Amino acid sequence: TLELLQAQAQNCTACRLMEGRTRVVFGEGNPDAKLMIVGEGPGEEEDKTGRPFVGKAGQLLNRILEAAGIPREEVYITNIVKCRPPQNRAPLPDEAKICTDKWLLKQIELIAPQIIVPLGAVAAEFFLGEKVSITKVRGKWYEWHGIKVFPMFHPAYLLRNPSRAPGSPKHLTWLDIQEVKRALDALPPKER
């Protein structure tokens, strides 16, 4: 079950990221979510609480979801890696592979989402099967194992580049989340 998997993950020592962590950040939300959001890795506040997207970038994500009319409790949120990399660096290829093989793939199998929104280039690369430019792939529909994939900018990028001008990261993200909401509402019932 997802709950057993979550419990087991708390004791994971599969990669070097276990060395500097405080708490494993497995993921949270609706276990039967139609929409799954996947970020890069935990930040400082996530590492302290064991919860994903609760720091500054997470608060922005909450604003984005609320504005789109998507209740956070109804979606499932996690990341490519479950442990905070040193000084918020991106996870290395071996860390991402080990963590996704051990946890993420099983989470996706159990939750069975119909739409996956990878936030940032690292998460986007995992689902698109190759290294990609987040600015070029964001806001477009792809597919991974029969699941719809819609890459979007990482909220941290929006905080680092907070311009309100037309075509800015924030503006494009608003357009993107509205598209996610539209697609979510048009989804057929899950195959059970």
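Each residue number is its position in the shown sequence, starting from 1.
Comparing the deposited coordinates for 173-181 and 13-21, the stretch with the larger average C-alpha B-factor is 13-21. Looking at mean Cα B-factors across 116-124 and 87-95, the upper value is held by 87-95. Out of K136, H154, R51, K56, the entry records its largest CA B-factor for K136. Comparing the C-alpha B-factors of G43, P166, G39, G27 in the entry, the top value falls on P166. In the PDB entry, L4 places in the middle third of its chain by CA B-factor.
Compared with the other modelled residues of the chain, the Cα B-factor recorded for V132 ranks in the highest third.
Among all modelled residues in this chain, the alpha-carbon of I147 has a temperature factor (C-alpha) in the highest third. Annotation for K82: CA B-factor lies in the lowest third of the chain's modelled residues. Ranked within its chain, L158 lands in the lowest third, by CA B factor from the PDB record.
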